[PDB]
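Novice: Below are the structure tokens for one structure; questions will follow.
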Amino acid sequence: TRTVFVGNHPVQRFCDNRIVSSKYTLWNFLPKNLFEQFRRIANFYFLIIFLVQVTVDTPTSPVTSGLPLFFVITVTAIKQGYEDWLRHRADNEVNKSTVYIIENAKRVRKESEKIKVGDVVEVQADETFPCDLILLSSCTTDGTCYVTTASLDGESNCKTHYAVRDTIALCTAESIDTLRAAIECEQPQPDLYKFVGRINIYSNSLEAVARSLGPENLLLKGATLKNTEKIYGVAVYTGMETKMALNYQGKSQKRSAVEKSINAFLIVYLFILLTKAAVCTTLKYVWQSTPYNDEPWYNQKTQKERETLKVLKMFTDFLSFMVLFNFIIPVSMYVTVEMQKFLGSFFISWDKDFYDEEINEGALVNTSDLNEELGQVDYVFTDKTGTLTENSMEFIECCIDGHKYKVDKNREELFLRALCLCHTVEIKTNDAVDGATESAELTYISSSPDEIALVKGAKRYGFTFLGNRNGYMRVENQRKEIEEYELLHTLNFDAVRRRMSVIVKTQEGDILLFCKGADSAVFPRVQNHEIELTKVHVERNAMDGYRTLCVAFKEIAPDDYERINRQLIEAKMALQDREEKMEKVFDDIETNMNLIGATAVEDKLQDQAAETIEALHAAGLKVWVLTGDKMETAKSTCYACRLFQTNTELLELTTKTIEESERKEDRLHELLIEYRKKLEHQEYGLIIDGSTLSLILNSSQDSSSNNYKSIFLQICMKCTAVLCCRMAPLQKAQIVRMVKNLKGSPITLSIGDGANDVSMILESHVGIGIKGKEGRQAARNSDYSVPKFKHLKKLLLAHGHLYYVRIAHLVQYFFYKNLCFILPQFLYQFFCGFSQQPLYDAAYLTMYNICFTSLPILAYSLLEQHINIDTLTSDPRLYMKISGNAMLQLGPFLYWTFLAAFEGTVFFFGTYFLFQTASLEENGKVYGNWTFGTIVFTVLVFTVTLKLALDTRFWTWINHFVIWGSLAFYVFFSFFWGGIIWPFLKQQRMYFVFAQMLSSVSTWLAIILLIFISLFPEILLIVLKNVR
Amino acid sequence: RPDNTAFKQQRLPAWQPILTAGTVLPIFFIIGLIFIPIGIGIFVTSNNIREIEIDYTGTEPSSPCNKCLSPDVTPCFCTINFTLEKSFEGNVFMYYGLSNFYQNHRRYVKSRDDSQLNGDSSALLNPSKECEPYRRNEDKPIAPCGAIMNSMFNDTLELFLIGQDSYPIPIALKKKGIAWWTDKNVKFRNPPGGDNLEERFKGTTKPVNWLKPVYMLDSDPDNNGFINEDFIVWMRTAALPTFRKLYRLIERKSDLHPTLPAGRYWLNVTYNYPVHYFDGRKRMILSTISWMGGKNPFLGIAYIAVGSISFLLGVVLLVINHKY
Ligand SMILES: *[C@@H]1O[C@H](CO)[C@@H](O[C@@H]2O[C@H](CO)[C@@H](O)[C@H](O[C@H]3O[C@H](CO)[C@@H](O)[C@H](O)[C@@H]3O)[C@H]2NC(C)=O)[C@H](O)[C@H]1NC(C)=O
Ligand SMILES: Nc1ncnc2c1ncn2[C@@H]1O[C@H](COP(=O)(O)OP(=O)(O)O)[C@@H](O)[C@H]1O
Ligand SMILES: *[C@@H]1O[C@H](CO)[C@@H](O)[C@H](O)[C@H]1NC(C)=O
Ligand code: ALF
Ligand SMILES: [Mg+2]
Ligand SMILES: [Mg+2]
């Protein structure tokens, strides 16, 4: 609860207007990037190996483990350091822009970084807001300004914000006249839409006229000011506390199931590495037992090496085997899986199949880490109105006093006034040239398309709303009689209560509380005699698929109204939980209201909102519809969408069959444990409510011989169709929570377009926000955002499928290629005195991962479609059902590990059997152990490259390039390193090994045959699948 | 509106192989039919290579060389009798094998000094510290430091034919040209400058086990030291315990007479090198070389097995489908 004083003149504790969106600095980039890299299972492992190499004496040089790491580390550091110099640049541009301040009758021009809480900022037109202001005045009267948060939450409509009344008299002249104020405001919350405050404007002598603030005054930070002259504000939050700057924390969902399989594979390869090293030491000391297997007179130890403690030697030899077999763990997996996710996050927003010609926008990717969690979804939780059915409401068939008006002159007039009042339509002030339309432009611009429809449906009859004339409301009442009204209170609508209300004052008399709400939330408090008459029409209208709103009114007396006056202004003047203290007040202001009538509004399904739920039911998913609308309206929309097929037996847990605390459990268990487990896709579908789901979950803490929630989840999992009617915005998330837990990890998705659906879009694994008629509130809490439901089909089926396949076959292959590398070097230890002698040269050991095999798999993981991206969407029937994580399980993992073992065995023991020759040339010259290692390495490089070339089914010029160029670079580097690489070396060990190995037809034929024998167990699966 | 280029839209021009039966079986058949012919030409070229290996280590009480199996008067002299049933035709290559001899031992491969064998005057007079226990002795630096250069095979094998008389016709062996051309003409040079090669090796010694300096390994200055081909050939490590290194090459005589006529031959050994200790063998191998190397059946049998398993699978598949 902060207390600002307007001019900073009495009647420091606060931050300074400088935003820092970056992470690092110029002085803690390394100390902070390195620590956060080397904290990963493999970066730490290779740092350990490098240090063990630098301190101890080991088989393999220290460069072979610290050049491949100083690179994988300096590439990620460059990436992240630049991707943050961008943030530094941007913050500098934002908070180094001039902003005039009215210091003391002086219009100073400071910089946005030097603004402090409580000083009158002066914003001109088209100038974004330097900090969270509170519009204390404007130039024009009427105290209003048009703000367009084109950047905060994506929206692009000119919302209108209101000044503080007592202050609009202040304009550009002595506004610094010690305008005594005390703006008590709640502590900064990132809510971006809520705000709780209070003003204490003082007079010359004594005054405390405080106008309780809200989100109607707070001009957020970084929200452009549109089409006005100039505004004065009193900064309240000053950067790093203002919501625009407090919403920088939005990461902690991006954790896929293909980032934990990488760690299971890493753990397995560590326990493979330790078994290699332990077996080789156990056998290095069961071999050295014989006195002539150590120092046999041709190689004799050195005095020191001879007089070293024994156990110390066992330890140092275990270390030298871990430092020899240390490449069995991929050094370049992290940088490749990060550069892949970076460079491939775009394809799902560059796509021109997510492009709505109306909204003039496409898709939006707010988290590039779940990219491969779309191709894994198992449940899909939708919202009915807004996603399945766009908010194009067409008013049809009002119903006055249960008469179906289409009551002579007694109450119809009241019903039509009700429809015209009790909303917040706010026609666009200016109107275009009149004469081409029916009445005029009169573009009703509201936020709730249920009100727009009712005003247009009243206009169809006599009444015509045109008002909001600065405190008044005007309507033509079937005769051109403007008939001013006066809005005294707007008991706004909230999803939980389901009733909007208004307290108008007739032009020449009493007060009237109009209340439009849902039938469930308006019949409870009415004159019960009319419920039984209007509910039949409500029920017909519902069963035909229409949205039904009940309209009621109440005549308020003076003293009762003077009591509600206090009861309502003391709810807003209170800083502590005013939303709740106000719900609890205008929830008893609406007690016994004479029901006037009901109104039905027809709504249509989106473009392909049925051919997408069919495409989602085909690919295996289980589509639940968590709506807030009625039960027969939702059920009709579900029958339209083809969620419920024609011959489906519906299980209704609604309030039409469950009006008893104990009579619910009857069905709850009878239609599960004796019904749906003893007795389909088209036959069974469940229909629940909100009150009934509460009964089940909340107070199921008493009867637990057969748990309520448990039996119910059991009922649910045997149904691919479930419709949760009358669900509130928090039960919508209770359901995703319930499901995220059962019988494993059913990967849930949740797709919504409103403010109700901002809870499950945050709860579920991957959230999708639609950008529709309501606003961009969910599109910004969501991980992805698509302007249509029908885009979910393409997203899941043809983007998650490819995003998941590419990374699963990057992960499998990154371990394959390294087990293939290192199995020959482990087998060589037997045909060696177990002396840990590297099979391969040193250049080869460093390069294999970062030069010879690095690109091909990256190009594959980016540009590759194992099923053409057109057949992928044309066929969901399986292509998606085919990989329920299946591509990274035990089965495939061990297939790959056994293929790599087979190939390493073939490489080694084919070169072994080829080297029994006495010569492989025709001049009869013999080959050393460097020509044994380069033969095994040639076979290895080519077999891994061609195992990937046999996997690519989509051969872009870039695949051709990377694959054949990786092979040609191996072959050119090897000749270049064979030739003069002399002066700086201590070895000259590979001086012509390649160019002599390749002068033997016999080694050529052996390499060809071993590449083929190694790829055979793969060319065999190809054929066994092409057949049958 | 969204950038509608070929690449951003994931619709680059691609190939996309269609793998269908009539596109997948002729593969098995083609590799079968291309391998079995190769794996028969190779098998035949191998089996047509005549070789003979005589294990002259001793250790068999009845063997001629058991009189120097033990540590005896430095210059032993044994001789073994072998018989060439089928004459050797081309130019022949004499090797020497060694078993249980790990030239591929980490401590043993490290043990050279390439900077010195490459003629670097700086490393001549102070060898490295990888060639460790054999890096200095008698307060001097050893010329070919290291284990590799110290434990150099050093017993002299000679061949004789037994004509229609019993007199031995001495077969003529050739030493030049048995080491990779590069690593005798590039990677191995003598110390920098001088006229006589014993001046250049001035502040150095001879390795421990040797008998003469490096500058007295051969009389023709083109084979003297650091350039001696037998040295260079010993120094290229074996890669497996049981190895063999080219010893001599007998060149076909321009006459129409085979190199090694059939008949009876003496192999007389100046047995110097002891392998009895670490339980090794010493063998002399006379062999003939083809376009493919030497007698080794692996390539032939392996090509034939691969090309007769691919063909068996191709037949099973043609049966399955075109019959079903
Ligand atoms: C051929 O090679 C053999 C074995 O490589 C040589 O044998 C070694 O020769 C040196 C002297 O030239 C021997 O003294 C050495 O013996 C070892 O122990 C003795 C004492 O017992 C010690 O004086 C030496 O320093 C050395 O450590 C021999 N090593 C063996 C027999 O294994 C042989 O001389 C060479 N013959 C030639 C060049 O004709
Ligand atoms: N402007 C409104 N005034 C009064 N009641 C409303 C209004 N808009 C919606 N309602 C009621 O609130 C319910 C829930 O609306 P909401 O939470 O937006 O979900 P949905 O639009 O999917 O029904 C509606 O079914 C209706 O009964
Ligand atoms: C060849 O071996 C025979 C066996 O007696 C021997 O007479 C002859 O002298 C040996 N060669 C030499 C060293 O002349
Ligand atoms: F249309 Al809804 F919650 F039912 F946004
Ligand atoms: Mg709504
Ligand atoms: Mg949605």
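Identifiers in the structure tokens: chain A, B, ... in order shown; residue index from 1 per chain; ligand index from 1 in order shown.
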Using backbone DSSP assignments, extract all alpha helix (DSSP H) residues from range 155-350 of chain A; output them as an NGL selection string.

Specialist: :A and (165-168 or 243-246 or 261-285 or 303-306 or 310-324 or 333-344)

Novice: Residues at most 12 Å from ligand 3, using only C-alpha atoms and all ligand atoms? Could they come as a ChimeraX atom specification?

Specialist: /B:64-65,75-82,155-162,166-171,265-271

Novice: Just the selected residues (N, CA and C atoms), exported as an mmCIF file, in the first residue's frame, please.

Specialist:
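Final output, saved to out.cif:
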data_model
loop_
_atom_site.group_PDB
_atom_site.id
_atom_site.type_symbol
_atom_site.label_atom_id
_atom_site.label_comp_id
_atom_site.auth_asym_id
_atom_site.auth_seq_id
_atom_site.Cartn_x
_atom_site.Cartn_y
_atom_site.Cartn_z
ATOM 1 N N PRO B 64 66.641 -77.075 -34.985
ATOM 2 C CA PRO B 64 68.040 -76.687 -35.184
ATOM 3 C C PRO B 64 68.444 -75.469 -34.394
ATOM 4 N N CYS B 65 67.493 -74.616 -34.026
ATOM 5 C CA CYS B 65 67.778 -73.337 -33.399
ATOM 6 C C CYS B 65 67.646 -73.384 -31.887
ATOM 7 N N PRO B 75 77.008 -64.383 -31.113
ATOM 8 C CA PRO B 75 76.681 -64.760 -32.499
ATOM 9 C C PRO B 75 76.293 -66.227 -32.657
ATOM 10 N N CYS B 76 75.079 -66.579 -32.243
ATOM 11 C CA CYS B 76 74.574 -67.886 -32.620
ATOM 12 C C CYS B 76 74.487 -67.985 -34.136
ATOM 13 N N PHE B 77 74.219 -69.196 -34.603
ATOM 14 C CA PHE B 77 74.031 -69.459 -36.023
ATOM 15 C C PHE B 77 73.248 -70.756 -36.105
ATOM 16 N N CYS B 78 71.967 -70.683 -36.423
ATOM 17 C CA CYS B 78 71.231 -71.908 -36.676
ATOM 18 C C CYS B 78 70.829 -71.930 -38.138
ATOM 19 N N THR B 79 70.324 -73.071 -38.598
ATOM 20 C CA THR B 79 69.782 -73.152 -39.944
ATOM 21 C C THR B 79 68.649 -74.153 -39.955
ATOM 22 N N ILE B 80 67.609 -73.819 -40.700
ATOM 23 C CA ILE B 80 66.413 -74.632 -40.830
ATOM 24 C C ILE B 80 66.266 -75.015 -42.290
ATOM 25 N N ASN B 81 65.739 -76.200 -42.540
ATOM 26 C CA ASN B 81 65.550 -76.688 -43.895
ATOM 27 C C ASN B 81 64.081 -76.571 -44.263
ATOM 28 N N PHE B 82 63.787 -75.830 -45.319
ATOM 29 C CA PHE B 82 62.436 -75.823 -45.844
ATOM 30 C C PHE B 82 62.469 -76.263 -47.299
ATOM 31 N N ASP B 155 68.284 -59.758 -35.943
ATOM 32 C CA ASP B 155 68.943 -60.988 -36.358
ATOM 33 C C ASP B 155 68.825 -61.174 -37.858
ATOM 34 N N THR B 156 69.898 -61.669 -38.458
ATOM 35 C CA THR B 156 70.082 -61.683 -39.900
ATOM 36 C C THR B 156 69.637 -63.028 -40.449
ATOM 37 N N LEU B 157 68.642 -63.015 -41.323
ATOM 38 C CA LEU B 157 68.170 -64.208 -42.000
ATOM 39 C C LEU B 157 68.732 -64.249 -43.413
ATOM 40 N N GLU B 158 69.191 -65.424 -43.841
ATOM 41 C CA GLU B 158 69.680 -65.613 -45.199
ATOM 42 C C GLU B 158 69.101 -66.889 -45.779
ATOM 43 N N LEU B 159 68.973 -66.909 -47.100
ATOM 44 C CA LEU B 159 68.368 -68.021 -47.811
ATOM 45 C C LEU B 159 69.381 -68.626 -48.760
ATOM 46 N N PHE B 160 69.347 -69.947 -48.881
ATOM 47 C CA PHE B 160 70.189 -70.660 -49.825
ATOM 48 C C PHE B 160 69.367 -71.749 -50.487
ATOM 49 N N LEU B 161 69.648 -71.998 -51.759
ATOM 50 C CA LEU B 161 69.033 -73.082 -52.508
ATOM 51 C C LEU B 161 70.011 -74.245 -52.599
ATOM 52 N N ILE B 162 69.494 -75.460 -52.671
ATOM 53 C CA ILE B 162 70.331 -76.649 -52.742
ATOM 54 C C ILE B 162 70.141 -77.246 -54.129
ATOM 55 N N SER B 166 74.958 -80.456 -53.709
ATOM 56 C CA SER B 166 74.510 -79.962 -52.422
ATOM 57 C C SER B 166 74.980 -78.542 -52.149
ATOM 58 N N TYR B 167 75.824 -77.986 -53.011
ATOM 59 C CA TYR B 167 76.346 -76.650 -52.774
ATOM 60 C C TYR B 167 75.192 -75.663 -52.642
ATOM 61 N N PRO B 168 75.305 -74.672 -51.770
ATOM 62 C CA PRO B 168 74.220 -73.702 -51.625
ATOM 63 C C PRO B 168 74.358 -72.555 -52.606
ATOM 64 N N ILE B 169 73.328 -72.348 -53.415
ATOM 65 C CA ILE B 169 73.233 -71.185 -54.289
ATOM 66 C C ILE B 169 72.652 -70.040 -53.465
ATOM 67 N N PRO B 170 73.384 -68.949 -53.264
ATOM 68 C CA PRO B 170 72.940 -67.890 -52.351
ATOM 69 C C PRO B 170 71.933 -66.970 -53.015
ATOM 70 N N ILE B 171 70.686 -67.038 -52.561
ATOM 71 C CA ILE B 171 69.640 -66.194 -53.115
ATOM 72 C C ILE B 171 69.905 -64.741 -52.752
ATOM 73 N N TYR B 265 65.734 -75.580 -49.559
ATOM 74 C CA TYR B 265 66.402 -74.351 -49.185
ATOM 75 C C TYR B 265 66.813 -74.419 -47.726
ATOM 76 N N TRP B 266 67.905 -73.731 -47.432
ATOM 77 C CA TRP B 266 68.336 -73.416 -46.081
ATOM 78 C C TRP B 266 67.890 -72.009 -45.734
ATOM 79 N N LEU B 267 67.335 -71.839 -44.555
ATOM 80 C CA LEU B 267 67.189 -70.527 -43.950
ATOM 81 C C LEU B 267 68.142 -70.524 -42.773
ATOM 82 N N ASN B 268 69.259 -69.825 -42.895
ATOM 83 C CA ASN B 268 70.186 -69.747 -41.781
ATOM 84 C C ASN B 268 70.074 -68.397 -41.098
ATOM 85 N N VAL B 269 69.941 -68.452 -39.779
ATOM 86 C CA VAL B 269 69.617 -67.325 -38.926
ATOM 87 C C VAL B 269 70.825 -67.037 -38.057
ATOM 88 N N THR B 270 71.240 -65.773 -38.013
ATOM 89 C CA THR B 270 72.183 -65.310 -37.003
ATOM 90 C C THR B 270 71.358 -64.865 -35.810
ATOM 91 N N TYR B 271 70.890 -65.844 -35.055
ATOM 92 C CA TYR B 271 69.949 -65.611 -33.976
ATOM 93 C C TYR B 271 70.531 -64.656 -32.948
#

Novice: List as a PDB file with N, CA, C and O atoms, in the first residue's frame the protein and nucleic acid residues near residue 720 in chain A, meaning an atom at most 9 Å away when only C-alpha atoms are counted, but skip any in the same chain fewer than 2 places from it.

Specialist:
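Output below, filename around-v2.pdb:
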ATOM      1  N   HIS A 617     -10.309 -36.204 -33.111  1.00  0.00           N
ATOM      2  CA  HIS A 617     -10.748 -37.500 -32.623  1.00  0.00           C
ATOM      3  C   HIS A 617     -10.126 -38.632 -33.420  1.00  0.00           C
ATOM      4  O   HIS A 617      -9.996 -39.744 -32.910  1.00  0.00           O
ATOM      5  N   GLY A 620      -6.480 -39.750 -32.310  1.00  0.00           N
ATOM      6  CA  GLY A 620      -6.411 -40.375 -31.017  1.00  0.00           C
ATOM      7  C   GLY A 620      -6.769 -39.497 -29.838  1.00  0.00           C
ATOM      8  O   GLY A 620      -7.155 -40.031 -28.803  1.00  0.00           O
ATOM      9  N   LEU A 621      -6.650 -38.178 -29.958  1.00  0.00           N
ATOM     10  CA  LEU A 621      -6.830 -37.300 -28.814  1.00  0.00           C
ATOM     11  C   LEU A 621      -8.215 -37.480 -28.216  1.00  0.00           C
ATOM     12  O   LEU A 621      -9.098 -38.087 -28.814  1.00  0.00           O
ATOM     13  N   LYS A 622      -8.392 -36.968 -27.006  1.00  0.00           N
ATOM     14  CA  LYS A 622      -9.678 -36.978 -26.320  1.00  0.00           C
ATOM     15  C   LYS A 622     -10.090 -35.538 -26.081  1.00  0.00           C
ATOM     16  O   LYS A 622      -9.578 -34.885 -25.172  1.00  0.00           O
ATOM     17  N   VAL A 623     -11.034 -35.052 -26.873  1.00  0.00           N
ATOM     18  CA  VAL A 623     -11.422 -33.651 -26.856  1.00  0.00           C
ATOM     19  C   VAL A 623     -12.541 -33.468 -25.841  1.00  0.00           C
ATOM     20  O   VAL A 623     -13.646 -33.971 -26.030  1.00  0.00           O
ATOM     21  N   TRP A 624     -12.242 -32.768 -24.750  1.00  0.00           N
ATOM     22  CA  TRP A 624     -13.207 -32.321 -23.760  1.00  0.00           C
ATOM     23  C   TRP A 624     -13.562 -30.873 -24.022  1.00  0.00           C
ATOM     24  O   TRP A 624     -12.713 -30.081 -24.422  1.00  0.00           O
ATOM     25  N   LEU A 643     -18.801 -33.694 -31.822  1.00  0.00           N
ATOM     26  CA  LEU A 643     -18.228 -34.279 -30.621  1.00  0.00           C
ATOM     27  C   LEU A 643     -19.046 -35.483 -30.190  1.00  0.00           C
ATOM     28  O   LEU A 643     -18.500 -36.559 -29.940  1.00  0.00           O
ATOM     29  N   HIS A 681     -16.821 -45.655 -28.863  1.00  0.00           N
ATOM     30  CA  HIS A 681     -16.373 -44.303 -29.181  1.00  0.00           C
ATOM     31  C   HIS A 681     -17.552 -43.426 -29.562  1.00  0.00           C
ATOM     32  O   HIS A 681     -17.649 -42.272 -29.130  1.00  0.00           O
ATOM     33  N   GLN A 682     -18.467 -43.962 -30.360  1.00  0.00           N
ATOM     34  CA  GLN A 682     -19.675 -43.253 -30.740  1.00  0.00           C
ATOM     35  C   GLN A 682     -20.813 -43.469 -29.758  1.00  0.00           C
ATOM     36  O   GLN A 682     -21.870 -42.848 -29.912  1.00  0.00           O
ATOM     37  N   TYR A 684     -20.569 -43.671 -25.971  1.00  0.00           N
ATOM     38  CA  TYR A 684     -20.499 -43.094 -24.634  1.00  0.00           C
ATOM     39  C   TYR A 684     -19.896 -41.697 -24.657  1.00  0.00           C
ATOM     40  O   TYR A 684     -18.841 -41.473 -25.259  1.00  0.00           O
ATOM     41  N   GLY A 685     -20.576 -40.770 -23.988  1.00  0.00           N
ATOM     42  CA  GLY A 685     -20.119 -39.412 -23.797  1.00  0.00           C
ATOM     43  C   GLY A 685     -20.718 -38.842 -22.533  1.00  0.00           C
ATOM     44  O   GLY A 685     -21.902 -39.047 -22.266  1.00  0.00           O
ATOM     45  N   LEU A 686     -19.914 -38.135 -21.751  1.00  0.00           N
ATOM     46  CA  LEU A 686     -20.295 -37.652 -20.432  1.00  0.00           C
ATOM     47  C   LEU A 686     -20.677 -36.178 -20.489  1.00  0.00           C
ATOM     48  O   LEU A 686     -20.161 -35.421 -21.311  1.00  0.00           O
ATOM     49  N   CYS A 716     -14.530 -41.128 -16.573  1.00  0.00           N
ATOM     50  CA  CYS A 716     -14.099 -40.201 -17.616  1.00  0.00           C
ATOM     51  C   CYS A 716     -13.156 -40.866 -18.607  1.00  0.00           C
ATOM     52  O   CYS A 716     -13.311 -40.695 -19.821  1.00  0.00           O
ATOM     53  N   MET A 717     -12.170 -41.619 -18.121  1.00  0.00           N
ATOM     54  CA  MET A 717     -11.142 -42.120 -19.030  1.00  0.00           C
ATOM     55  C   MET A 717     -11.662 -43.112 -20.060  1.00  0.00           C
ATOM     56  O   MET A 717     -10.951 -43.396 -21.028  1.00  0.00           O
ATOM     57  N   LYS A 718     -12.867 -43.645 -19.891  1.00  0.00           N
ATOM     58  CA  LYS A 718     -13.469 -44.531 -20.874  1.00  0.00           C
ATOM     59  C   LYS A 718     -14.357 -43.784 -21.855  1.00  0.00           C
ATOM     60  O   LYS A 718     -15.091 -44.420 -22.617  1.00  0.00           O
ATOM     61  N   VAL A 722     -16.500 -35.579 -23.535  1.00  0.00           N
ATOM     62  CA  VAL A 722     -16.969 -35.057 -22.267  1.00  0.00           C
ATOM     63  C   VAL A 722     -17.274 -33.585 -22.447  1.00  0.00           C
ATOM     64  O   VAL A 722     -16.519 -32.853 -23.094  1.00  0.00           O
TER      65      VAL A 722
END

Novice: Quick one: residues within 7 Å of ligand 4, with only C-alpha atoms and all ligand atoms, as a tab-separated table (two decimals) with N, CA, C and O atoms, in the first residue's frame?

Specialist:
chain	number	residue	atom	x	y	z
A	383	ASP	N	-12.82	-24.42	-25.12
A	383	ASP	CA	-13.85	-23.53	-24.62
A	383	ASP	C	-14.90	-23.38	-25.71
A	383	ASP	O	-14.56	-23.12	-26.86
A	384	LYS	N	-16.17	-23.50	-25.35
A	384	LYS	CA	-17.20	-23.56	-26.37
A	384	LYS	C	-17.33	-22.24	-27.12
A	384	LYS	O	-16.99	-22.18	-28.29
A	385	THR	N	-17.77	-21.18	-26.45
A	385	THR	CA	-18.09	-19.92	-27.11
A	385	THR	C	-16.84	-19.06	-27.25
A	385	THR	O	-16.26	-18.64	-26.25
A	386	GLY	N	-16.47	-18.76	-28.47
A	386	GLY	CA	-15.27	-18.01	-28.71
A	386	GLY	C	-14.28	-18.80	-29.52
A	386	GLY	O	-13.66	-18.26	-30.44
A	387	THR	N	-14.12	-20.09	-29.20
A	387	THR	CA	-13.27	-20.97	-29.98
A	387	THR	C	-14.09	-21.87	-30.90
A	387	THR	O	-13.93	-21.80	-32.12
A	626	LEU	N	-14.79	-27.76	-22.03
A	626	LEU	CA	-15.04	-27.13	-20.74
A	626	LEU	C	-15.62	-25.75	-21.02
A	626	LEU	O	-14.89	-24.81	-21.30
A	627	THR	N	-16.94	-25.62	-20.95
A	627	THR	CA	-17.57	-24.37	-21.31
A	627	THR	C	-18.16	-23.72	-20.08
A	627	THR	O	-18.11	-24.26	-18.98
A	628	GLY	N	-18.71	-22.54	-20.26
A	628	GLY	CA	-19.40	-21.88	-19.18
A	628	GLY	C	-20.85	-21.66	-19.53
A	628	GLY	O	-21.62	-21.14	-18.73
A	629	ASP	N	-21.23	-22.07	-20.73
A	629	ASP	CA	-22.58	-21.83	-21.21
A	629	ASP	C	-23.51	-22.92	-20.71
A	629	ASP	O	-23.12	-23.83	-19.99
A	729	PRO	N	-14.20	-20.22	-14.31
A	729	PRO	CA	-12.83	-20.11	-14.81
A	729	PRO	C	-11.80	-20.82	-13.97
A	729	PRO	O	-10.67	-20.98	-14.44
A	752	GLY	N	-8.13	-21.65	-25.56
A	752	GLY	CA	-9.17	-20.74	-25.14
A	752	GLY	C	-9.00	-19.39	-25.77
A	752	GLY	O	-7.92	-19.03	-26.23
A	753	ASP	N	-10.08	-18.61	-25.78
A	753	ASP	CA	-10.05	-17.29	-26.40
A	753	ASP	C	-10.54	-16.17	-25.50
A	753	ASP	O	-10.63	-15.03	-25.96
A	754	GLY	N	-10.87	-16.45	-24.25
A	754	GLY	CA	-11.43	-15.42	-23.40
A	754	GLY	C	-10.60	-15.15	-22.18
A	754	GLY	O	-9.43	-15.52	-22.12
A	755	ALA	N	-11.18	-14.45	-21.21
A	755	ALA	CA	-10.53	-14.26	-19.93
A	755	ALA	C	-10.84	-15.39	-18.95
A	755	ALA	O	-10.10	-15.56	-17.98
A	756	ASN	N	-11.90	-16.15	-19.20
A	756	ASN	CA	-12.16	-17.34	-18.40
A	756	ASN	C	-11.09	-18.39	-18.61
A	756	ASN	O	-10.63	-19.03	-17.66
A	757	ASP	N	-10.67	-18.57	-19.86
A	757	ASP	CA	-9.71	-19.60	-20.23
A	757	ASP	C	-8.29	-19.19	-20.00
A	757	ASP	O	-7.41	-19.76	-20.62

Novice: Which residues, written as a list in words, have at least one atom at most 9 Å from range 582-587 of chain A, with only C-alpha atoms counted and residues fewer than 6 positions away on the same chain left out?

Specialist: residues 491, 494, 497, 501, 564, 567, 568, 570, 571 and 572 of chain A

Novice: Can you spit out the residues from that selection as a compact mmCIF listing (two decimals), in the first residue's frame, using N, CA and C atoms?

Specialist:
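Everything below was put into selection-v5.txt:
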# COMPACT_ATOMS: atom_id res chain seq x y z
N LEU A 491 -22.89 -2.51 -11.95
CA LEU A 491 -22.46 -3.70 -11.26
C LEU A 491 -21.95 -4.68 -12.30
N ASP A 494 -19.05 -10.67 -13.92
CA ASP A 494 -17.90 -11.53 -13.66
C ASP A 494 -18.29 -12.98 -13.86
N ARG A 497 -20.21 -15.00 -11.11
CA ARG A 497 -21.56 -14.65 -10.69
C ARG A 497 -22.56 -14.78 -11.84
N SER A 501 -25.32 -5.87 -14.09
CA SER A 501 -26.41 -5.08 -13.56
C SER A 501 -26.09 -3.60 -13.70
N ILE A 564 -27.63 1.63 -0.30
CA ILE A 564 -26.80 1.00 -1.31
C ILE A 564 -25.71 1.95 -1.77
N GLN A 567 -23.06 1.38 0.73
CA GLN A 567 -22.63 0.00 0.60
C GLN A 567 -21.79 -0.23 -0.65
N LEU A 568 -21.96 0.60 -1.68
CA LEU A 568 -21.24 0.45 -2.93
C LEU A 568 -20.02 1.34 -3.06
N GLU A 570 -18.23 2.45 -0.42
CA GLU A 570 -17.27 1.93 0.54
C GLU A 570 -16.64 0.62 0.09
N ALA A 571 -17.18 -0.02 -0.94
CA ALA A 571 -16.54 -1.21 -1.49
C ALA A 571 -15.41 -0.84 -2.45
N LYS A 572 -15.52 0.32 -3.10
CA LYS A 572 -14.49 0.79 -4.01
C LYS A 572 -13.45 1.67 -3.32
